[PDB]
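Residue-level structure breakdown
The chain contents come next:
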Amino acid sequence: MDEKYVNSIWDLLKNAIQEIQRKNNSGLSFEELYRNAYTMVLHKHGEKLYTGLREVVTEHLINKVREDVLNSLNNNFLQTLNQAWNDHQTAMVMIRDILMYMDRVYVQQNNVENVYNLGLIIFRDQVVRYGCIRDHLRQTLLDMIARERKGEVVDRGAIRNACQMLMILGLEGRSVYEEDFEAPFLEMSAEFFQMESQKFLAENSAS
Amino acid sequence: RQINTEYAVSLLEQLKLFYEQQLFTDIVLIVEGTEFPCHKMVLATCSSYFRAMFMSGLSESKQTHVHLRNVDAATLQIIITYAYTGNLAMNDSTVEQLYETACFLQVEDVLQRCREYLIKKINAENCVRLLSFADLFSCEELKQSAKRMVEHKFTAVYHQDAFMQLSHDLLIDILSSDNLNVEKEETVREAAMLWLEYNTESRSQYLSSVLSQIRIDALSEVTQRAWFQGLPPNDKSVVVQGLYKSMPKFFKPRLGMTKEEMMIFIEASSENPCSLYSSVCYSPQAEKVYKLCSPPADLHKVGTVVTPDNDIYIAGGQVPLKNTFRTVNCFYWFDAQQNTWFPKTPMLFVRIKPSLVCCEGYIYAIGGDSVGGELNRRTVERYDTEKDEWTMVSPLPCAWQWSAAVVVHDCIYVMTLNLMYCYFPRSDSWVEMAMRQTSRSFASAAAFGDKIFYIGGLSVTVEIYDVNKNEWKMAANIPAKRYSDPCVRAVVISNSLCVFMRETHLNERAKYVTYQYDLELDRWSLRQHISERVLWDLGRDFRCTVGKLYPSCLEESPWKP
Amino acid sequence: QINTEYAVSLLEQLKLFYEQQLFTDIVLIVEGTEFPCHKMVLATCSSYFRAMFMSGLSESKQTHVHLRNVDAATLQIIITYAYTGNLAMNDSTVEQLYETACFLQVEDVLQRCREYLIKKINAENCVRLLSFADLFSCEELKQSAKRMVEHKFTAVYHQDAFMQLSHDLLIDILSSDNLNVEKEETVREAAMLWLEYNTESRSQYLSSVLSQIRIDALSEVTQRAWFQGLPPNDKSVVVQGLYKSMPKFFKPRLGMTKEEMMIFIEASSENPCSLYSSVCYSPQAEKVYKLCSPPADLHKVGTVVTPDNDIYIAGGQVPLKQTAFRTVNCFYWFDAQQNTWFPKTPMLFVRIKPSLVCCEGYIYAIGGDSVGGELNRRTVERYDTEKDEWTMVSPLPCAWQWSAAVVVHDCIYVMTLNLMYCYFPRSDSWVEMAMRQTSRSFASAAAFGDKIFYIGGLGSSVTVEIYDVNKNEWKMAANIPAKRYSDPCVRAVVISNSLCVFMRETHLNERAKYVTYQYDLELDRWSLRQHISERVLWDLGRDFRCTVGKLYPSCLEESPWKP
């Protein structure tokens, strides 16, 4: 139909998506949203819907979670990161349901990644691989693992949650997580074990 | 492990019974006031969208009554019953709405079933309609199949009412494609024009786009004057943009112009012993021998027929049982561009070497060892090229073997040893015709003009029959070397009666040569001698038929001179 | 057509005139030797004399021409060929023959000597022939020299003529992707020794020769050695090569792509169009690569793989132009890269299923159902890989049929149903060996180390009789555990420095199954090394042969066939 109708449909869909992302999904009309997506993709305007979804998701991420992580980089930084990841996943569940009904045509014909993969990629680009968040996360994980190796006990399930989050963020396998985690961790372990062996060869014997 | 013997059938039947009795239901679908009580588990396992609808953390998940709109009641009911029993039982009319409702709910299994049903039912008329649907409801298989069917048939019709209402992208894809089955370049031009005359001043930019698409070869004929007659007033830059489409954009020849009249042969001497027989072609003008892919690749003893629209069909045949020759009633059709064979509706009786005759757009299979043990051994069965079904007709008067049948003046004529019967399609009855004075079998006849030319039999018997005169007469004897067994083949070539015969002697090689025959001269003038450097031996059970093919799609048969 | 009788009469009369010196008007003066001849014959044969006489120069009317830079014998043979059409070509004067043919621009003799040299190309004259083809234009000779030089020289790299080669020729040789080397370091040291042949005559080419070798050896050793041989105070080469090896990223060559594979011949033709075909199994790649068909579908042939990893075909029969087969003594050589069979010097007698065995560089074909059948129906003959000729050897004392032969301890060991004779290629004599206690035939034997392993015999069975050369005795080891009520097809071969067996078994009302076993030499037991899945390998037949060799997967192509 006319551009005004599709523009209004997209505007209301964007408002509903933003409301869902704001932890206010209690009154989400699934039937209405599914019908608007049907009448939107039916008229061969999937490119505009995909671009708008990407723009809305990246704007929401940069506005909310990029500020939240940087505001709490020292007070439960990893806990806040895990909470933000869980919230993003639980919103992207329904987001991916609707836009995966859409994706059955977009991911296939347009030959692009699915909306779940799109959300994972944009999260990786805007939060984990940020110019400041990445180095801070690396430094804090190295510090806590070194302190654990020193002898004192720290939280361990949290590190498992972070590693699982990075593995899921890989989205294809162990390409991003392996590098980002192991390589600084590999260097830290190398230096730590070299120093430990140097101390042990002089402070003890072969017995 | 999924044990299918006890639990699966019992569980499915008990779920269906619970659905019937309205037991253990917790969700009810409201469809324009109609209530459909059902279960969430079956909807989740069948539909991908219904799963999320009753799971996504929202108000719809905890909602006993859900008001689902934009769905038909009958389609939702049939989807629910298919989910509860596994049987679809789809008709031929409600396929479009069923596919639309299945696409909205993303029910993959029924979506695939409907896709297969639609791709199998692009017969003659819904091609453009289902192509528009293949676009709207994303379906690549359907899109490609409908595109090929359109390129094959719309290029001969180009007047369908549904074709007018098409989106710009689909029309551009259709017109810009090099698969247009048109022997002339003006028909596509006038088709585009009439597509741009009923809707003008609304699609003027798309008018310019289609004008560029049709390209200079048809742009330089009349389009300028017609547009001047039909242009909106006070339009100047449109003239500038229209004048630009004269020089550029790579004027190239099309593909539909290559409809060379050739000869389709079956059951040839296969160089590869793997195949017992092969199907090849000969070019009267290009003097080349082309090859074709075997339809079943293992079954032989098939019959050929060519419709006036230049279509190739294969019916019946026998295939070896391959235990560690059984007869199959399968049907096939030859693709003029893909060089493959798409099967069609099979026959009802397993015939051996059926004789297929086309008349009034219907394919008539006459004789050919139906079942052999019939109470009425002399029967026939025809085909519907539009409805895609087999309809029983009036049976044969007398039972005959090794017979031939042709069509003349929209009437069915079947020839046997000495008798001939004319079948009236309008009244579905057989009328007695003239009887030949010579008893000859193992021969075929050709329908050239208004005269039937029964050639050969056991020889060189030339018995000419005329429908308007209803009499049999002799003309002459074909000049052939003695101490030989000629294999005669009569067929129409370029609106001129000609023959294709091969002579074989003792300790001698076969020779292929076609002669030009004249009606008033009663002589077979030497038209062309087929050189053995291009064509090799064919055999004894080979068949010949006239048809137009594409050289680019087909491949030349490699053989050492 | 032109009357051949008058043509030959005219030619013989002209040759009589030449011998008798009647109508000679022009005399060729070469190093004081008189060559009375005619102008018509010279013009018809050579393309230089037609421009020497019918040109209008000072030699048009002069009756004495001093032809310089030529040889008397070469000119005489060229003249006698022009006068009678007989070209006697030996193995020594072909070089000067080609030189004088190029100088005189005679197409017929040029083509004849080009064919003779294309037949004569071998290992010991490969570099010389390549240099000759670089000096005088000869694309065909240049390409054949390129291939043969690459293979044999990268195998040998010790020819004295290799030092005296042009820079462009060496650049073409080294930078080519057809070199056959097990490692990339032998070419490096060959280039180093060629460069060190001179000191300042190779400095300018040093920057170019290193530009064709991979940088994997352009930063390791053999860079300070060049600095040792550097001219004094030369600061334009050390710092040059210091910062030069940025480009030319290391790319693996083609010679390092040889794998131990089982070559099969006369396999069951996948499609029924052909009679038989040749395939190969990959013990490492676990695939079946197709092989070129035998020359003119040469069936009933024998295979041999020299220690230099070369494949040869001898004997066989071709269907004469329903049963129809004629036996031909044609010989062929397989190109490991071009995937084609190059014809070679044929044998003297035709053979059916010959036993080709290599020893001391000679190819020995023992028996093979010879055509003669005289009192010496057991005559064997060796082949010279250096002179490209066949030489008869001491005949086998006893006539044997369906026999196999192997080479152990620089000696030929031919085995029959129960007897064995060892041939010494030096004294050219046969010595009686140990006698087997079982009468078995239609089997194959593999030479592993200093022991002979006669596997199978009669279908075949799982009987194994191990023979020791040092001990001279036949002893049993074990029987191969196979499924009962079957007919295994045993094939003895040596692979991975171990004795493995290629045994195809067929059960009742079942298809053939392919599986290989590794025989434990010390434990006397056949262990399952690998099981050949039927999804890649189909039926091969019964009269197929197997041999141990190396082939390049890149040059060959995978056979498209359904599992």
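Reading the values: rules and limits
- Residues numbered from 1 in each chain as written, not as in the entry; some residues may be left out.
- Chains lettered and ligands numbered in written order.
- Part of a larger assembly, values for the part shown.
- Heavy atoms only, no water.
- Residues with missing side-chain atoms left out of burial classes, pairs and counts.
- UniProt positions renumbered as here; feature names shortened; annotations may be inferred.
- Helix = DSSP H or I, 4+ residues; strand = E, 2+ residues; numbered from the N terminus.
- Axes fitted to C-alpha atoms, helices over the stretch in contact; angles between N-to-C directions.
- Contact = heavy atoms within 4.5 Å.
- Domains from an automatic or database assignment.
- Buried area = accessible area lost by both parts, 1.4 Å probe.
- Salt bridge = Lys/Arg side-chain N within 4 Å of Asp/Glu carboxyl O.
- Polar contact = N/O pair within 3.5 Å; in protein donor to acceptor, adjacent residues only side chain to side chain.
- Nonpolar A, V, L, I, M, F, W, Y, C, P; charged D, E, K, R; others polar.
- Pairing = 2+ DSSP bridges.

If you check the PDB entry, chain C appears there as Kelch repeat and BTB domain-containing protein 2 from Homo sapiens. The title field of the PDB entry reads "Cryo-EM Structure of the KBTBD2-Cul3-Rbx1 hexameric complex". UniProt lists a comment for chain C under the heading Pathway, and it reads "Protein modification; protein ubiquitination." In the Subunit (literature references left out) part of its UniProt record, chain C is described as follows: "Component of the BCR(KBTBD2) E3 ubiquitin ligase complex, at least composed of CUL3, KBTBD2 and RBX1. Interacts (via the BTB domain) with CUL3 (By similarity)."

Per the PDB entry, chain A carries the name Cullin-3 and comes from Homo sapiens.

**Describing the overall build of chain C**
The helix and strand inventory of chain C stands at 13 helices and 29 strands. With respect to the principal axes defined by its C-alpha atoms, chain C has extents near 95 × 75 × 50 Å.

**Quick look at the packing of helix α1 (residues 4-20) of chain C against helix α4 (residues 72-84) of chain C**
Axis angle and axis distance: for two packed helices, these are the angle between their axes and the distance between the axes, and together they describe the pair. α4 of chain C packs onto α1 of chain C with a crossing angle of 140° between their chain directions and a minimal axis gap of 8 Å. Across the interface between the two elements, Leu11, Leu14, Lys15 and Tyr18 of chain C of α1 of chain C pack against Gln76, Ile79, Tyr83 and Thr84 of chain C of α4 of chain C.

**Digging into the UniProt feature "domain: BACK" in chain C**
Mapped onto the present numbering, the UniProt feature "domain: BACK" falls at residues 126-222 of chain C. From the first C-alpha to the last, residues 126-222 of chain C spans 28 Å; its make-up is 57% helix and 0% strand.

**Notes on the domain arrangement of chain C**
Residue and element names in this part refer to chain C. The domain boundaries assigned to chain C delineate domain 1 (4-135) and domain 2 (259-558). Placing the centre of domain 1 and that of domain 2 at their C-alpha centroids yields a distance of 49 Å. When domain 1 packs against domain 2, the two sides together hide about 380 Å² of surface, and 23% of this comes from carbon and sulfur. Per-residue buried area on domain 1 facing domain 2 is highest for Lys119, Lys120 and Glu124; these three make up 82% of the total on that side. Across the pair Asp388 and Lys119 runs a salt bridge, and its minimum N-O distance is 3.1 Å. There are two residue pairs in polar contact connecting domain 1 and domain 2. Considered class by class, the residues forming the side of domain 1 that touches domain 2 number no nonpolar, one polar and four charged.

**A few points about the sheet that holds strand β4 (residues 260-268) of chain B**
Residues and elements named next belong to chain B. Spatially, β29-β4-β5-β6-β30 is the arrangement adopted by the five strands of the open sheet, whose pairing is antiparallel. Two strands in the sheet have a free side with no partner beyond their single neighbour: β29 (543-549) and β30 (555-556). Two elements, strand β5 (residues 278-282) and strand β6 (residues 289-292), share four bridges in a ladder whose sense is antiparallel. When the sheet's bridge partners are listed, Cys281 is paired in β6 with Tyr290.

**Topic: the arrangement of the chains**
Ranking the two pairs of chains in contact by number of contacts places chains A and B first. For the non-touching pair chain A and chain C, the nearest C-alpha separation works out to 25 Å.

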